[PDB]
Structure formats: structure tokens, C-alpha cells
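Q: pasting the sequence and an experimental structure:
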Amino acid sequence: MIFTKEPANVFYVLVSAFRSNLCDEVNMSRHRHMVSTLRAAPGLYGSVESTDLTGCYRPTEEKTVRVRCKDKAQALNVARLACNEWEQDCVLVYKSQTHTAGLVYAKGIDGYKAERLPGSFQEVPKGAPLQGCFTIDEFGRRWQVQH
Amino acid sequence: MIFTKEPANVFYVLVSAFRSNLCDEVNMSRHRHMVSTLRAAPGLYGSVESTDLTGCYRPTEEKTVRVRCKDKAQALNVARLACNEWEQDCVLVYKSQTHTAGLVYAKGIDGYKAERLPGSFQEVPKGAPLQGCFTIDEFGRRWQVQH
Amino acid sequence: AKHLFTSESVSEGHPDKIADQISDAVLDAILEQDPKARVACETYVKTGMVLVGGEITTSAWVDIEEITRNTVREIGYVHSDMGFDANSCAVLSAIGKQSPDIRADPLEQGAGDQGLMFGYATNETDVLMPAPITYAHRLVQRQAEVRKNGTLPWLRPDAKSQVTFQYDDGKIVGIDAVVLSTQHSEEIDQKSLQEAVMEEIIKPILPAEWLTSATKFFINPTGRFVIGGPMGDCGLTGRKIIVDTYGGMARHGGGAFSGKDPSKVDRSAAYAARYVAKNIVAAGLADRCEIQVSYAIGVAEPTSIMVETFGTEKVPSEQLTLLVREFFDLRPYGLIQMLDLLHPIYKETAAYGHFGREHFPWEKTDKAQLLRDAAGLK
Amino acid sequence: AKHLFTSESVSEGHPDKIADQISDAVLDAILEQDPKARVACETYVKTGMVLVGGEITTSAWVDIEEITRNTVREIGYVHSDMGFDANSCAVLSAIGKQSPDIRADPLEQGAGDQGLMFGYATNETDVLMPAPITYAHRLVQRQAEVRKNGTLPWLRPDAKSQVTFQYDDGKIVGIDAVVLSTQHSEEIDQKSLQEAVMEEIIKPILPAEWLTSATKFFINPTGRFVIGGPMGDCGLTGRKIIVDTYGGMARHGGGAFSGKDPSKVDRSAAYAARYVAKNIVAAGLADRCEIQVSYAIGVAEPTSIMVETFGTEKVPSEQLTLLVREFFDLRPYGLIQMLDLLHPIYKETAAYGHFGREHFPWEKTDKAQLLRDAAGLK
Ligand SMILES: [Cl-]
Ligand SMILES: [Cl-]
């Protein structure tokens, strides 16, 4: 599906500040702190559009923020912030209308690896089985990178 | 296929004056005689449109005449002529545009049986296997009642 | 998998078809004198006036008023009681005539304007056309034939038809509804009109086996239809494009045909697309074929060629697209050369459909044998 | 299974769209005073004149000349250098106004005229519309937005777009050709126009990943485009029906929309067919759905209803046809009641497509949940 309502040629970053080895009390503090930092510099990171997304993996969960980035450079700054300041392994970045998703490994002070995932970030039909990693949005719709 | 070029609501009779137990010299005489009789009374039998069709069965062959009948009553007179005067078992009769075919057993002086064949009288694609009874027209196109 | 499909058609007396015939009558008159002319004629028909407008690039001299009055008179509007009189109607001309100009390759001329063209062909009928549109045209054509020859003198030019066919697994098994609205004179009563129309128009045309007891007939459902034609409703050129080509059975690019010279791809390419679509089906390559050709203004080669067989192709689809480019020259001037469109034959094509009538240059299946050999189907 | 598909669109300055907007501007003015009016307006636009004609059955008083001049002035034709001036153009009115008359069931009113209507909806896009037509509308809409806000002051109202999408197994993988013909002033040179149009119109609209090096751009392929609009070509109401609805992706019934009041099934039923088609796809019943509704003049119930899912249905096809008849009231007055069409909202719908914009009554997916429960898909 082509989400033509979304403004074209912008980048969405799904980013969390959680860890699987920490108290959820601490994780929530980290998440609030990260959201503050992103909002504090909208010129650098872009506009935070939603803070009420849940992630998943395989089943653990975490709060995730969607940041709308106006350009690829902003998206890298968000990715760098997660990987360097919040010890994240990667962030999910997908295009505006095509939702062509990829994992960005911005680890390190300079340079970055971007791995394009095969397929597009799309809603998983209700009743279909979830496999591996998926994301639930603020409306309870389930999203996954589908090949 | 719907043969819209043909005039609607008329009947076509495929009729032969052949036999499997007679000399082909005699059969040709019978065929010429039958054609003369049909042409002699166009008000009763309709218009003879082609005399250069071959039949088949199962592989024997025979010359067949196509008579265009303006009404069902004319078609019965052609069928009666074949069954009574030329000892034919049946004639093939099909509609004008839909080519909905059926066998008519007009045997006897009065009354008649009509058996609708399942399907329509249609051209058999070139290269496809012929099965059982078929008809070759004056253009060498092969025709069969297809279910 | 039963499903009802409906197609409709209008007679030559319909206001939207009067404009089409008037536009093409002007086109045919110009093509007789200057075959290489450029004509884009638009006609607007109102209650008592006919407005003929457009831009013409030719050296020919034509009398627009004489052509328009003769065209309407031939349709059968002769006095005001019918609602429109050919001899006493205003014929305004807004035609802007120019002068033709005066060394490169003629086949490399770019398209004069951009657009989309769709061609369709199916082995459903003998003439390789959708069945519902063909019989819809038969009813209105029969109505004009009966009216003119004098079988039913009380008929009047305006008439509309609509036939609802009942398919079953892709094959027609009957007719579910027939609608035939016709204009008549006040002489005939309503009850006798329905009996005459049913016996003299619907019966001779539609096959008797399709018309069962479940078939519903709507012959002038409202009531009397005395005053019609241009007075009843306005008429403009190109408002009946769907009933011209295929009805609702096939997609349409949206370009009107009537009043356009062959040099405009909005008309010639649609004829060409039908030409290649008919040949592909006639060659046995596919049971149904749909061709889309798109041109950019000022560019010779088409911007895109699409062949769709709806999964009924005897050869791989990507091979068909190669065959279309190999055999058929789809450049804007190549269409004219391979179809011989520079003749005054467009007056007859604006009445009961541009397709399905075998006496047209684009309705010839001559390259069918070549395509079959190229595809290696023996 | 790669295949190129092309769709096109025209700006609000196109002559065929000026007539559509003028016709609907008249319709909206009448609906403000008499919502139950009957309007059938046809507009013909020439080099220096606008002819507004049709038949109106209302008690409202409207100034046709004032409405027409305001509509053209808002488009942006203000002086003769553009080829058309709103303040100094002839506005002839051929409108024939009548008087409305004065107990049966209102929902049992028969259709005022026969016709075919097609509705289409696919899960290809977010708004449940074909992708090629949506982006074709974006380019021309962006051109008008840029011209009006002052980003590119040298643009002029007339503009046409055409985008060729490259499908692969039913999914878009790129764009193969972009055509953007725009009218400008003589001030700007040709080379600088292409750079500005490419950077300011094509780049912000189309996704960057689709525009590869193989994409071909045709920006004013011929040359200068200074004088355009009505002078360049004639314009008539309903000549751009295909670009309005879906482009070439879906079949069309052939009935024009602009200038027709909701009481005419040629417009309301097309909106209703889109309404039921969008709900079926939104309910998850099918990935693609096509609805055909046919009416006979003087008959309330549709003569035929056809649902086509192209073999993408999650429920048996014969069950879908029952659901359509169960939920949606398709009688000619039932369409108005279930869509609330008696409002002056048709001026906005005659510019960049009647479908795909969610602020329209027929673009609401409210019965989607009910249909899904009825089909028992949980
Ligand atoms: Cl990416
Ligand atoms: Cl029979």
C-alpha cells in the first residue's frame, strides 16, 4: 500500500530508549528523557509525531517514538543519538509514502552502516499471525517489515 | 462465440443424402438429386447456402448441405425430407447466432422428436484433436458440437 | 459465477450524436479537398441553434451552414413539431481557419498532443467485440432502419436502448432486461406503441432463446415521448465516447473521436490500438487483449505500450509486447501509413460505434497470420 | 510481469476544466437557494466567449455572468496576454429556467434518465484509489499551488501532466516517464523553466526512490507555451471524465458529472457506486472491487447490480451481491438520503478529481465495519 496522505520525501525514525537488562522504572525515565532531548532540538532531530507506540521482538515490549525527519541528515542525527547516547543497536527508518524500510547502524562517532530491509513497512492484517519483530502504533494497528 | 454477422432468429440445417452401405457413385447422384429438390421448393425448404461441406463420424465422410431455414416449420420440412425420402437417421439443426445445436429425428409421416445437444456448434481450434463426429465447411474450418 | 452486465446505446437522433455527426460531416467535407488538413471541430447543439466551433488548418473552402443543415435533415428533423427543424435552426460558426505551412522524415513527426488510448478485442463475438455493446447498437440501428423505410411512420429520430445481459462463467446465458426509449408522434397511442416496438424492433434483433419469461421489457417506461432531440436536452461533441467504443466492457482513455482529423493521436491511435488488439486475438494469441498506448506531445515514439491478456495468453506476456513493437509502427505518422486514414470515411463512423463494422480500415485482420507465425504457434 | 501503465491529469486552467468549474459554480449557486432544484448545465468555452446552457427547474435567481466571470477570475485569467480575460469575455446564457411543481413515497421516485455507472476502489493506495491517477493529480495541483502562492510568478493557469508508472507483479517499482506541460509567460526562458519546474514541482511531489536515472522527463517538449487556455483549444463540459474518476485504471459508464444536480443518477449513482466500492475494500472483503449500477428511466430499482473482485475476494462473489443489496439503498432517492448530497459542495469537486479526497460525503468508510460483521469475517 502507498500511503499517499503522508508528505512525500520525508523520513520516519522509530526509536526507543529501552533495554532488556534494566528495571522498567528506569526505562521509563530514559524514555521520557530521550523524548525531551528530541523535542529540545527540533532543527536537528525533526518533529516528534507520536510517543505512544509499542515495539516487540522474539515476547518483550518497549515504548517507541516515531520522529518525522525532513531529510536524511536529520535521520542520521536521530540514529546517532540512539546508538551513542542510549546504547541502541539500531533504529528503524522508512520512507514517507512507499514505506521502504531499513535498519541504520549509526554506531560510532563518525560513519554509519545502513542495511536496507527487503520489503516495506506495512500494516499486518488483523487475525494474521505475527512473526518475530513487529510494532504496534498508538491506534493498536500492528506493523511489520513485510517482504 | 456469438456469430453476430449471421441474421438472427433463423435455423440452419446440415443435411446429407449419403449412406455407409452404398456405392459412392450412387451417393453422389442422390446428393445431386436432394440438392435439386431443396432448390426446387425454396418456399418450403428455405435457401440452400452451401453444398461443399464434408461430414464425418467415428473415419468416414460424406457431402453435406447447409440449408438456411427462415422458421422452425421450414426446418421440420427439411428434416422430414431427409428422414423420409433419403432414409437419414437425423439432421443437425442449430440456431442463427448462438449456434445452439440439436439433433432432430423427424422420422415418420407425422410427429417428430427433437433432442437438444448439450452445448453449441462451434469451430474446433486448429491443432486441437478431433473427437467423434465433426464437420468441415467449404473453407476447411472444422466444426463440432462442443459442450 | 452468474453476474449481470449492462450496456447501452443511443440512436442517431440523440442530441449527443447529432453533434458527433455534424462534427464528422464537417471533417469529411474538408478531407475531400485537403486530405492533409488539421481539423479539431467541436459542436454544441441547443433547442434551436447549432454552434459549430474549432480550429482548422487547411486550404479548403466549406459551407458550414449547408453541411450542418443537410446532416440534420438526413437524420429526419424536418419540422418544429419534432422539437427541431433543420431548415429553420440557427447555425453559428466559430471556426478559426488558418493557412497550412511548408523536410525531415515524415514518420518522425511527434505527437500533436498527449493522451491515453485503449484498444480492446475479445473472441466473444464474431466481429471480435463485446457482445452487450453490439446488440445495444443493433436495437437503435434497427429503430432508425424501421423508421426510415416506412415500416413504422410514426417513429421519430431520437431513441435510446439498454440491454442487460446475464453472464454465467463468462458465457452469456440470456437477457435479463431490455430498455428501448423511442420518440414518436402524438398520433400513436401508448399501448399500441409498445406492441409495435416489441414485435418490430426487439423481436427481429435479439435471439429468441435469450428472451425468456424472466426477461423484463421497459418500452417508454415514463410515457409519451413526442418532443425530443435537441429541445429535450443539450448535445455536445464527445459526450458519448463510451457508447461509441465498447460500452462498459473495456477501459477508455477519455479522448473523443468525432471532429478530429487522423493526424491527432486522440483518434488515430485509438483506431490503431483496436487494430493491434483485434489482430492479436484474431491470431489466436489471446482470447481477450487490451492495448494501452500513451504519447507525449512533441515526441514520436509512444511513452508506454501495455498489453493485457487477463491471463488468457497462449504466449508469455513479455513476448507479446516485443511482437507489438516489432510489427506495428506506433509512431503518430506510422499509424496513418499502416491504416490509410486520409480519406473522407468518418461520416459513417459517428453513428453506431467506431468499432465492430468490418468495412473500416482498422477492422481488417491482415497481420493476424504474420503475428501467429512470429509467435511460433504454427 | 512488468508492464508500464500511464495516467494523465490537467490543471484547473485547462479549457475542458474551465467549463467543468463554470458548470459546477452555477450548480453550487443554485443549490444554496433551492437545494431540491434540478440542474443540467452545459458550458462551451471558446477563444473569447463562454456559452452557458442547459435546463433548470428551480425557483432560485442567479446571475450567470457574474458567476462565470468570478470563476474564471479565480482561476487566474485576468488579461488578454494569457489568451483569455475574465473581465472582457462574452458570457452568453442559453439557460432555460422553469417552475417547480408540487404525495407518494419519496424513495420510490424512478430514475430521471437511464445510464451506466461504475465505481472502483483498490487497496493499492491509502485513499483506496489507483496510484497513477493520484500522482497525476498531485503534479497539476502542485503547479496551481506554486503559481498562486507566488513561488513561481511566471507560471500561467493552463497545465497538463502525465506519469507513466512501471508495475511489477502488481506492485509499483518506479516511474518510467514524467510529462509536465505548463503555460508560462514570455519573460522566462525555456532552459530556466525546465530547471525550475523540475526542482519545484516534480521533486517535491514524486517519491525520490521511484525517480531513477532511467526515468525520462518531458517538460514542455515542444517549446514555448505562452498563449494557452481557451484560445489554444475549445472546452466543453464533460470532456475530461476519465481524468476525473480514475484515469485508465477503471471502466467508466460515460456519464459526465459537472453541471448535474444530485437528483440525476448520472452523477449521484457514480458517487454511490464509489461509496459501496470503497466500503467493500475498506471492510477487507476484497483487494479490488468494481461496482456497476444500471438504471432505467422511470424505474426506481436498478436494472442490474454487478460486483467484480478480479478474483481477490475473501467471500464468495454471489454473497457479496447480496450484501450490497442488503445494506446500500440504491434507489435514486436512496442515494441522496444515504450520502447527503443536497449541499453546495460541488465547486471543489470539479478541479482535481471527484474521488480520493476524504472531505467528501462519498469518501467516508462508515459502513465498512457493518459489512465485515455481516460477512462474518470477525
Ligand atoms: Cl533507508
Ligand atoms: Cl434445436
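A: Alright, I've got the coordinates. Numbering: from 1, shown residues only, chains lettered A, B, ... in the order given. Ligands and ions are numbered 1, 2, ... in the order given.
Q: most remote residue from chain A's center?
A: The outermost residue of chain A relative to its centre, with distances by C-alpha atoms, centre = their mean, is residue A:127 at 24.0 Å.
Q: which of the residues in the helix ranked longest in chain A are buried?
A: Longest helix in chain A, counting residues (DSSP state H): helix A:24-40. Neighbour-count burial for helix A:24-40, counted by 16 or more other C-beta atoms under 10 Å in any protein chain shown, picks out A:27, A:30-31, A:34-35, A:38. Bear in mind the C-beta positions are built from the backbone N, C-alpha and C, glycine included.
Q: try stretch C:85-105
A: Across stretch C:85-105, burial judged by 16+ other C-beta under 10 Å covers C:85-86, C:89, C:91, C:93-95, C:97.
Q: the closest residue to chain D within chain A - how many residues pack around it?
A: Going by C-beta to the nearest C-beta, chain D is nearest to residue A:3 of chain A, at 4.5 Å. By the measure other C-beta atoms under 10 Å in any protein chain shown, the count of residues near residue A:3 is 18.
Q: break down chain A into its strands, ranges please.
A: A:11-15, A:47-54, A:63-69, A:91-94, A:101-105, A:113-116, A:120-123, A:135-136, A:142-146 (DSSP state E).
Q: now the strands for chain C?
A: Using DSSP E, the strands of chain C run over C:3-10, C:38-45, C:49-57, C:90-98, C:115-122, C:155-168, C:171-184, C:216-219, C:235-236, C:288-295, C:304-308.
Q: may I see those organised as CSV, with distance to chain B added?
A: Below are the strands of chain C laid out as CSV (distance: least, C-beta to the nearest C-beta, whole Å):
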stretch, distance to chain B
strand C:3-10, 14
strand C:38-45, 31
strand C:49-57, 34
strand C:90-98, 38
strand C:115-122, 10
strand C:155-168, 10
strand C:171-184, 7
strand C:216-219, 17
strand C:235-236, 29
strand C:288-295, 13
strand C:304-308, 21
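Q: between those, which one is nearest to residue C:315?
A: strand C:304-308 (10.6 Å; C-beta to C-beta).
Q: give the other helices and strands that that closest one contacts.
A: When contacts are defined as 3 or more C-beta pairs under 8 Å, 6 or more residues apart in numbering or on different chains; DSSP states H and E, strand C:304-308 packs onto strand C:288-295, helix C:317-327, strand D:3-10.
Q: what does chain A put close to chain B?
A: By C-beta under 8 Å from any C-beta of the partner chain, no part of chain A sits against chain B.
Q: now do residue C:223 against chain A, distance only.
A: 48 Å (C-beta to the nearest C-beta, to the nearest Å).
Q: can you pull the contacts of that residue?
A: C:190, D:298 (C-beta atoms under 8 Å, 6 or more residues apart in numbering or on different chains).
Q: ok so, going back, let's have the helices and strands packed on strand C:304-308 in CSV, adding mean neighbour count and distance to residue D:299.
A: Shown next, in CSV, are the helices and strands packed on strand C:304-308 (neighbours: other C-beta atoms under 10 Å in any protein chain shown; distance: least, C-beta to C-beta, whole Å):
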stretch, mean neighbour count, distance to residue D:299
strand C:288-295, 26, 32
helix C:317-327, 16, 43
strand D:3-10, 24, 35
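Q: out of the ones you listed, nearest to chain A?
A: In terms of C-beta to the nearest C-beta, the element of the helices and strands packed on strand C:304-308 nearest to chain A is strand D:3-10, at 13.6 Å.
Q: close to chain A, is the closest one?
A: No: for strand D:3-10, no contact with chain A is found by C-beta under 8 Å from any C-beta; the gap never falls below 13.6 Å.
Q: residue in chain C nearest to chain B?
A: Counting by C-beta to the nearest C-beta, chain C gets nearest chain B through residue C:126, at 4.5 Å.
Q: that residue against residue B:3, yeah?
A: Yes: with contact defined as C-beta atoms under 8 Å, residue C:126 and residue B:3 form a contacting pair (4.5 Å).
Q: could I get the strands of chain A in a markdown table, plus columns for mean neighbour count and distance to chain D?
A: Below are these laid out as a markdown table (neighbours: other C-beta atoms under 10 Å in any protein chain shown; distance: least, C-beta to the nearest C-beta, whole Å):
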| stretch | mean neighbour count | distance to chain D |
| --- | --- | --- |
| strand A:11-15 | 24 | 11 |
| strand A:47-54 | 16 | 16 |
| strand A:63-69 | 22 | 14 |
| strand A:91-94 | 24 | 11 |
| strand A:101-105 | 19 | 11 |
| strand A:113-116 | 12 | 10 |
| strand A:120-123 | 18 | 9 |
| strand A:135-136 | 18 | 18 |
| strand A:142-146 | 18 | 12 |
